[PDB]
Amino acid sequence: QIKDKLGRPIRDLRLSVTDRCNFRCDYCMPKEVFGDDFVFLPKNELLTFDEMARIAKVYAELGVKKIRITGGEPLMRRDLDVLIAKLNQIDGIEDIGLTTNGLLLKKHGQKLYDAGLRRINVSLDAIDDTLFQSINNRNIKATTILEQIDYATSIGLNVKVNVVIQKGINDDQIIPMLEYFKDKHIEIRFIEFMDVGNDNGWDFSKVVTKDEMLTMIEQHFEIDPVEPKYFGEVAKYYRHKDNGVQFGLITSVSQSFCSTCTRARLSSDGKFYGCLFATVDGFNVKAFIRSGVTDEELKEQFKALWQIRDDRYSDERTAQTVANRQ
C-alpha cells in the first residue's frame, strides 16, 4: 500500500480538464488578469481523454477510488461525456464527481448522465441575482443557475452546492440559501474563505468561521449535529429537525485537515501536484507519457511522486498563525 511521508495513502484524483472558464469570479479568475488578451492552453497542450484514462487506470492500481473532474469550468471541455465513459470503465474507480458553475448543465447534462455521471457539485456564491453577477462579472443571474440545478436534478443527477463565504460580500446569503435548498432537499455546504496574509499565516479579515456561521444559523433554524459518516470526514454536517435535510460547513482555515488529505492532482497542462497550493511547476506527466513509456513505468513514476509527497500547506499556515499570536 502506497503512502506518502506523512503516512497518507492515495485516494482521490482531481482531474483538471480545462484552463478555460465562462465566469470571471472576482477571487478566482478576476477580469483584470484574464481579459480579452489572455491566451489559454491550445488544444494539443491539454491531455487527451485517452491519456487521462490511462493515468487514472494506473492510479486505481495505486489505491485511487474517486475522481473529481474540474478545471477551469469542466463543461467547456468539448466532449466531456467521452472522458466520463472511459473513466467509468476503470475497475477500481468507484465514484466520479464533477465540480461546475452549472451554467452549461442544460446543454451537456444529459450526455454526461448517459455516460455514467451521477454526482455533481455546483458552486454558487450567492442566490441573489444581482450579487451573484457582481461576483461572476459575466451578467449571469443566480436564478439561471438555480434553473440549471433543477434540470440536473430532473434527469437524475445528485446535486450538492458549494458556497465560499466572504464577510463584507457573501455574509448575508447564508440564511436565504439554506432556506431555498432546504425546501428542495439539496445538500448545501458553506466553505471558509482562504487567504494568507503578509505575516504568512491565515488572514481572518474576510473570514466567517464555521463557529460564527453556526451562531447565525441557529438563530434562524432548529438543528441537530450529524455524526461523521466515516472517520476523517471533512465537512461538518447538520440536519434541519423538521424534515431532516442536511447541510455542511467546511473548516478550511479554523480547523485545517492535511493529515487526512489523500488527494493527488493533475493540472490542465498535465502536471502532477500533491496539493492545491504549490509554488513550483510539478512533474510533467504529459511530457513523460508522450515519450513512450510502459504502464509499469508510469505506475512506478506516480508511486515515487507520491512516496516523496510531504505537502501540508494549510496546516503550515495554521502553525504560523499560532506562532504569530506571539
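Start at 1 with the first residue shown and count on from there.
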| Stretch exceeding the other in mean C-alpha B-factor - 60-68, 29-37 | 29-37
| remark: Mean B factor on CA atoms, stretches 233-241 and 101-109, record says higher is 233-241
| note | Per the deposited B-factor column, the C-alpha that peaks among 79, 73, 212, 114 belongs to 212
| task | Would you check the entry's CA temperature factor for residue 257 and let me know if it's in the chain's lowest, middle or highest third? | result | highest
| note | Chain-relative C-alpha B factor for residue 160 (record values, thirds): the middle
| request: Relative to the other modelled residues of the same chain, rank the CA B-factor of residue 277 and answer lowest, middle or highest third. | output: highest
| remark: In terms of its chain's C-alpha B-factors, the third that includes residue 216 is the highest
| request: Taking the values exactly as deposited, rank residue 290 by C-alpha B-factor within its chain and report the matching third: lowest, middle or highest. | output: middle
